[PDB]
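Provided herewith is a single structure, encoded as structure tokens, for subsequent inquiry.
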Amino acid sequence: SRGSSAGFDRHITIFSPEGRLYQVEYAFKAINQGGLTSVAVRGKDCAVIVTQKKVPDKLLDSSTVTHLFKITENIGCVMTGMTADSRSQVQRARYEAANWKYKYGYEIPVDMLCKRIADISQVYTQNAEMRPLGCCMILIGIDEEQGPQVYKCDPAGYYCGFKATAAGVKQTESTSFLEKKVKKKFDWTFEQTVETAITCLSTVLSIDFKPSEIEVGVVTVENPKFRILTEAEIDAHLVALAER
Amino acid sequence: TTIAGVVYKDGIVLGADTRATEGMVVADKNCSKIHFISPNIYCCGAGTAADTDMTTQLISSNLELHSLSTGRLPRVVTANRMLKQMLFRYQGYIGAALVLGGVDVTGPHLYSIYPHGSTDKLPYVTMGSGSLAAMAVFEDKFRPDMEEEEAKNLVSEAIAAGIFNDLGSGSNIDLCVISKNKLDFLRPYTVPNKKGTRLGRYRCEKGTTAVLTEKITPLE
Amino acid sequence: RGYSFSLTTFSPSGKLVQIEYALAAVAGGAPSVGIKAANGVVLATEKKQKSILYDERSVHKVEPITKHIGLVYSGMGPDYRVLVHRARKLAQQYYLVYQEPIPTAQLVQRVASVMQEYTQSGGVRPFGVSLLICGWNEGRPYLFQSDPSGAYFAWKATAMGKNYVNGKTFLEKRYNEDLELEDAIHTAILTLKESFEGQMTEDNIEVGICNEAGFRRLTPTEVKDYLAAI
Amino acid sequence: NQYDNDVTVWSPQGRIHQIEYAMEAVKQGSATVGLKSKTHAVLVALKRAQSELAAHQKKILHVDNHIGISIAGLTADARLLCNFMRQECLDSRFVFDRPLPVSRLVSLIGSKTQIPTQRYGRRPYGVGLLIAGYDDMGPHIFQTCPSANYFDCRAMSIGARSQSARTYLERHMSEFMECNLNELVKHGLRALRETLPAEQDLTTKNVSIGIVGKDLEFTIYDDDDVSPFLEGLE
Amino acid sequence: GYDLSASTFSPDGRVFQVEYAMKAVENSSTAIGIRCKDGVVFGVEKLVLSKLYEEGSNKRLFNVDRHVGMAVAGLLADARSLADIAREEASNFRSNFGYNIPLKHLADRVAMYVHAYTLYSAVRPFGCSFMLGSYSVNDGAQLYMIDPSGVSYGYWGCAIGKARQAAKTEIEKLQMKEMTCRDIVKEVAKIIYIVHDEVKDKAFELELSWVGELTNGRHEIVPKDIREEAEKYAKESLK
Amino acid sequence: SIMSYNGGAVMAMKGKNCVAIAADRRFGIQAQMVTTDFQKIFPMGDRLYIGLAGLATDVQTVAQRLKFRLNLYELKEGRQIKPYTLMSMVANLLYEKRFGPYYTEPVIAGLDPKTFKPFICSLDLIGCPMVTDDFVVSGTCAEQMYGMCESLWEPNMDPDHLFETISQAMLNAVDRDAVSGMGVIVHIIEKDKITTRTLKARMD
Amino acid sequence: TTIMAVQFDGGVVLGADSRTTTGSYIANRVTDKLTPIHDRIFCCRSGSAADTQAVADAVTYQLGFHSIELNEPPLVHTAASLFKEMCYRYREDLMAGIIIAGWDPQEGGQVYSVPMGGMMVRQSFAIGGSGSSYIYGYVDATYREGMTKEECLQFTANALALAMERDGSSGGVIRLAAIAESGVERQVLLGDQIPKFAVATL
Amino acid sequence: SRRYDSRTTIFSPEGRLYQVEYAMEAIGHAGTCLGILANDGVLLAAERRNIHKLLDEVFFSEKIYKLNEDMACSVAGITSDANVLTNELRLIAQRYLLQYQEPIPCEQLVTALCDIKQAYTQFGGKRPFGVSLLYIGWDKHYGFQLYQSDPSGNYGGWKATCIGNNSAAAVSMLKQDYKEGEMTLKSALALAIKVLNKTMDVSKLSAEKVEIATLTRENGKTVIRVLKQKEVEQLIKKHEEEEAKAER
Ligand SMILES: *[B]([O])([O])[C]([C][C]([C])[C])[N]C(=O)[C]([N]C(=O)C1=[C][C]=[C]C(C2=[C][C]=[C][C]=[C]2)=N1)[C]([C])[O]
Ligand SMILES: [Cl-]
Ligand SMILES: [Cl-]
Ligand SMILES: [Cl-]
Ligand SMILES: [Cl-]
Ligand SMILES: [Cl-]
Ligand SMILES: [Cl-]
Ligand SMILES: [Cl-]
Ligand SMILES: [Cl-]
Ligand SMILES: [Cl-]
Ligand SMILES: [Cl-]
Ligand SMILES: [Cl-]
Ligand SMILES: [Cl-]
Ligand SMILES: [Cl-]
Ligand SMILES: [Cl-]
Ligand SMILES: [Cl-]
Ligand SMILES: [Cl-]
Ligand SMILES: [Cl-]
Ligand SMILES: [Cl-]
Ligand SMILES: [Cl-]
Ligand SMILES: [K+]
Ligand SMILES: [K+]
Ligand SMILES: [K+]
Ligand SMILES: [Mg+2]
Ligand SMILES: [Mg+2]
Ligand SMILES: [Mg+2]
């Protein structure tokens, strides 16, 4: 124990002598290969997803570079980690949701969609022949009873709902930023949700963003359809922040 | 069979008779035709009895699995889709004709579901061999937004019409009243039919029946 | 395709090491406790709950299987969600046939059988969890544990996860057969207090109870109330 | 090394050793030559004989009236592929009542032979073919490899010491399009003869010839039937 | 060792077998695409490995639907199999939905197929990268590029194979948003001649194709006369 | 009609703390009697019996297949099956053949193995169950059986009176049916014993 | 049943009667036969209630998933194609006479018929169901190129009313819908609001 | 995938099957379990491993399983494996009963299971079941019987034997005390307690620590009973009194 290894326990998802799954641990490292960080925050009125948008190559059509994805009309997502893996996971989520609506006559709750994707990822941690997906999914939507929701699932098949959360390279630092900010708030609840998200991201990276360097997605109690902010809309937030 | 349902101001009233027949013989005088789907959703059944029993049990069971997972009260639409998609798949070979009613987060809902898988969402419906007698009562007397007791009166009148005018229907009237606040499964609601009494007694004393052979096996 | 060979095999000393390593994942999990009182069962568990950022209500460790049966675990959470799903399904298959709720012991046997499969069947590892399963039937409470081998045991009281050895001796010197459920809840929470670290709130432990009326989670407000004495 | 036993394992250089090893089976087969003019496609092959009393291995196979092949590598793989080709040809005559165009047959081969290069526990085909055909676009010579790549050729040689035959063909290829049939086959033989040890010669026992063109269905010439073509290498 | 299966992550979270497959594409000669005002043009440096081969042998430019061209680099048998997958997907889309598959959807679908070969010990990743190009009045010009991991993006200009970077730096000099396909073919030929290493690999064919307003949204080979002029322009520009 | 090919009749009846179940004894093929001691009532427990009428081959198959399932049930569980649970087990067995059913329509009679409360039920050939508090009948003379049971049955009968009623209901009912009879067997099930009788009966 | 749809410049109008029958019993007198398949695409259903409900739910699923994937509104032509595929493939097991109509940004208002058997044809206007027989001569005489939305509504309401009077399997209320870029506007004509044409007494 | 396959169903160079052997080591460490045939019955006696104070006691035994009307078994080795096998035994016994309408003869039941075990050593690439069994029964062909089967898929009949911890020692004591053709249930019970007294050398023997089942015939019916603790204590007492006599 303490970093012990027997047999093929670093190559496939069998247990190591401490009871760890090294291949699952290595899939969390794959999340950071991309070099990106995402943040998500929920208030009483809305939920927001913010992520870095890095377009190093001028020859890219930057309108095709996104990590924000519509899953249904009311459920949005930000993906962090290996891109092709992420896309595949987004497709599966779209399928699960559409399937749920066809069979059950009402939209999949965000918690259930996150649970299902997490249960599917679980299978990759117990069966030896395939690897986990090296990506992390954060889902936002409005629940009719519970209000705005933020849910995250990971390559271990763990999932949870959050007041706010993060993924990718600066996840820990974001978690500290967000933790410290909520303890301050009455009823431990965020209120300026887009500003908190962008500020968190901006601090942990030390950047001070241009509007083309981030992407912003929202769902609101008044407007539950998932919406992507334009550059101008993001700029209005950036400017309003800069001026106090 | 006569089964029926109404949407009233605060909920649903379902009704049913209690006769089951085999050919033109009464096999059960007190069959229970209003089946549990979930604590907030019930379903009257007509048609082939094993089919209505098994279909409602299966969907109730699958709904319980669903609500255990979701942690939420199930929806009437969800029962309706599951029932109708299964019945369609079987092409009308599962002879279940259903009246599905309940109360979910979006309020009261009532559907009739046919064996071949069509459904109709409506504020009053009837099914079974007595369904036209029951529907006459509804067309004549139904009003939107009835109070609970008026709704209960109307349903039980409609079931009575089927009981008295259809040879396939009889015996008792069962009701199930479902609101946001309450579930009243009223079995029997009314007993409008009773066997007459027995005028002559046939108490056959021991030895009346001749016996060829006898074995007593004692038990623990 | 799928690997068709077993990933658990016998070592030269006759041990199934993958199962022993699964048990080590269980031993490193967050603590769980179950106590069978005279008139019911309590299941209690610690949340490995960092952050105030967690919505503690969003996922539960203490879960209903049927109206009369509930579960908790120690070990890997996602493995546990598989077994919760199969247990629910098994309970419903039984109910469809027999039109009676599945007896607790019959549900444990069938779940334990699924865990056995994952110790032999092709291309898979064992489950890295142990389950504590509570239930009430035949007018009587039941507490079972089911481990990664598929072995199961009936307990009066036990502990699993981190610091379980001490938890069991804490319970050994504190459980009596004539004990009530309200007292049992108290001693269950004291057992978790033995190995806690953090200061307990109603948001970072979970408690479930089972009696004649059925199985249910205690609400945060109910747990808060029991935490006043502690 | 750890990279050479599975067709599914890329090496760190971006190569697949199993495919390269399969190509070696073709390089060690006996040489064959294929070339074409405006009107004919010809195959010429050296047949290896195990002992002095053995017949000499068939190298040239009939596929359809308009298509024949010469082989190098694993004979069992050559037959399996040949049987696939034959069936694809019969299918197209059955369906459409016209010959399968040669370039489409070759595409089908590329697609079929690629599949086992990408699945664990499968192996490449260990055979290379020269394909002679004639259709609406005229005569053709194609080459196929164990890598599943294929090539459209003015002329070609594969097998042991084929480099020599290839040089000869490059040297004289500007003459081929305008050649009459006899000239073209002579050229094929001269290319093939370059592959031989200096001592040894083309004989009726070791040479096999295949010809197809505008007025001629794919035909194989062996033994005494090659003598017309060998007399007047003068 | 950690690099023998696509179903094994390394301890740093990499999938070396996908990286190795990428190295096969980077060993290949260079292909480029450029999107412009009224379409998309493709050019490939097509190394001729023997003078015995016909002109046009081993094409690296394919029609995958009437409106969609494909340009490849890497292992050519894998690319061709991918061209078949793309064809089948465009064909199936037309059968099911009743209209020509939008480029982006086709790109995403074939990318998911590429992706599926990066998860398993049972199969190996594809050793090819490819570009897809189309044009329509409704969607305008579109150029996507997919790699062996299954990533798919859209581009103004793109290059794959061994002189990828040198090619990109030349492509960046163009104001392609304001140019026509007729202008861009010359520049494509120019760029292939710039990045071609004439010392190390001796002979090549330029392969050109385009799809735009001028072909009415059909992907077509650049006509012979126009290619020869573009070559002549490229060659004299090298001077 | 498939159900009349062999003929036959079973019934069951409830009394105070006891149940009774009865059957005719004929095995025949259309008009022809083959045997007169054919078994139709099978023990499923010390105090729990199932009676099957219908096509004789399916009477035997269902009893045998049911026993298979029950034995596995009892070995696996702690315990003797409850009457209601047997019913459900049989329902499930018959409904699996919903689209090619066994041609038999059973009755069950017994006492709860712990509480000793009386239970009777019947099921149709596809497994629809029917519990009653008085009696149940199945066979080619069901109408005759109904007429006798409706006229004679009374609540809360002691073992002796239950025996006389079920016996007179069976004998007189099957005497109006050509393809049932050739004897009657009656089991009375009490807490502390089973009493099995064959009745003096017409043999035509 | 009687179903109809009509194209106008910018959109479509759809209509149906509301009668479901089993033999000559009316099992629903206020059926909604116009079913939304996407935000601006409806189908009018005739034939088997079970079949057309199952097919419509299936196509709604397919179209919704396709639309999310493409991130654009679906084409009316796509919705019609998906009905056609399913109605043609299963033509031996279904009884479904469908009209698909709606609006999309590329082609505007469109009407397609998918009659039994599963052929698909675009039309200026379409009618179907058992009652359509009785209005061929009326629609052929009354149809004019270039009708406004309002004219399409009246034309539809009149045609349906005429069919309903004559066809025992049609009747009840007239449900109408207009679809355009701006959205979907639904209404019901009941009782006195249904257009009225005298019985020809002596 | 060839790299990860541990190849559980292949020979080693001496003609051995390593997994099978290895499974047999697992068994040797498990609870001691003995069977003894007598003229009027057969018995099983087993060391319990479920003995922690806080255990609840809910089934009628820990390691004794009823198979059908006329047969029972006990097990040593991996418990979950034993559950799969005993379930399969019950199924085979009911299949035979369904088909023939008579109980499966004991040896036939054993053989049927052993063929399943055998298969797991020859094909399928799976680990074998880590279980040895003792089977007791009565049938109409050979009366009272006792069998033993192991993970190789081998079985035999025995008059007395032992599997699990300290087996060799237990068999020596049986070799020396067992009277072929002359034992009764009452004397077999004495001998079983004698044997367990010696082979549980860690430490002092208690009724909480053993399980005894007897199989006898009464009024044409097989009776299978797990002895209650009152009786087990009484036999322990009689054995302890008997050893007091041992010298004078
Ligand atoms: B219209 O075409 O006349 C109308 C359109 C429909 C609502 C989409 N169709 C009908 O009214 C048809 N009726 C049914 O399909 C129907 C409804 C309820 C039950 C049954 C049924 C079917 C078989 C056996 C029993 C009952 N059918 C009608 C024209 O057939
Ligand atoms: Cl849907
Ligand atoms: Cl805030
Ligand atoms: Cl619905
Ligand atoms: Cl009815
Ligand atoms: Cl395998
Ligand atoms: Cl679940
Ligand atoms: Cl339950
Ligand atoms: Cl709960
Ligand atoms: Cl060769
Ligand atoms: Cl060979
Ligand atoms: Cl090659
Ligand atoms: Cl070669
Ligand atoms: Cl590249
Ligand atoms: Cl069976
Ligand atoms: Cl039609
Ligand atoms: Cl129509
Ligand atoms: Cl109507
Ligand atoms: Cl048995
Ligand atoms: Cl038996
Ligand atoms: K894995
Ligand atoms: K309808
Ligand atoms: K009408
Ligand atoms: Mg049909
Ligand atoms: Mg008679
Ligand atoms: Mg007679």
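Numbering of ligands and ligand atoms starts at 1, following listing order. Both backbone and side-chain heavy atoms feed into the values below; hydrogens, waters and symmetry mates do not. First the proteins, then the strands, lettered A, B, ... as listed; each starts at 1.
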Atom 2 (O) of ligand 1 sits nearest the protein heavy atom G:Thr1 OG1, 2.5 Å

Using non-hydrogen atoms of the residue, decide whether G:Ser169 is closer than 4.0 angstrom to ligand 1. yes

Keeping the roles fixed (side chain from G:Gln53, backbone from B:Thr119), state whether a donor-acceptor pair exists under 3.5 Å. yes

What part of G:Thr52 sits under 4.0 Å from ligand 1 if we count only heavy atoms: the side chain, the backbone, both or neither? side chain

List the closest protein heavy-atom neighbour of atom 15 (O) of ligand 1: residue, atom name, distance to the nearest 0.1 Å. G:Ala49 N, 2.9 Å

Near C:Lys89 NZ, under 6.0 Å, is it more than 12 heavy atoms from other residues, nucleotides or ligands? no

Residue-level breakdown please: for G:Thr22 versus ligand 1, do any non-hydrogen atoms fall below 4.0 Å on the side chain, on the backbone, on both, or on neither? side chain

Distance from B:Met127 atom CE to B:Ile113 atom CD1, nearest 0.5 Å? 7.5 Å

Checking B:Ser118 side chain against B:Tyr114 main chain: does a donor-acceptor pair fall under 3.5 Å? no

Should you measure from each heavy atom of G:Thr20, which atoms of ligand 1 turn up under 4.0 Å away? 7 (C), 11 (O), 17 (C)

Anything under 30° is parallel, anything over 60° is perpendicular, the rest tilted; go ahead and classify F:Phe99 against B:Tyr90. parallel

For atom 25 (C) of ligand 1, find the nearest protein heavy atom and state the residue, atom name and distance (0.1 Å precision). B:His116 CD2, 4.7 Å

Going by the 4.0 angstrom heavy-atom rule, the piece of G:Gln53 near ligand 1 is neither

The protein heavy atom nearest to atom 9 (N) of ligand 1 is G:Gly47 O, 2.8 Å

Side-chain donor/acceptor of B:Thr1 to backbone N/O of B:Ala46, under 3.5 Å: no

Approximate separation, where rounding is to 0.5 Å, of B:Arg72 CZ and B:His66 NE2: 8.5 Å

shortest atom 14 (C) of ligand 1-to-protein heavy-atom contact is with G:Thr21 O, 3.7 Å

Does G:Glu165 CD have over 12 foreign heavy atoms under 6.0 Å away? no

Any idea which atoms of ligand 1 are less than 4.0 Å away from a heavy-atom of G:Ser48? 15 (O)

When you measure from atom 17 (C) of ligand 1 to the protein, is at least one non-hydrogen atom found at a distance under 4.0 Å? yes

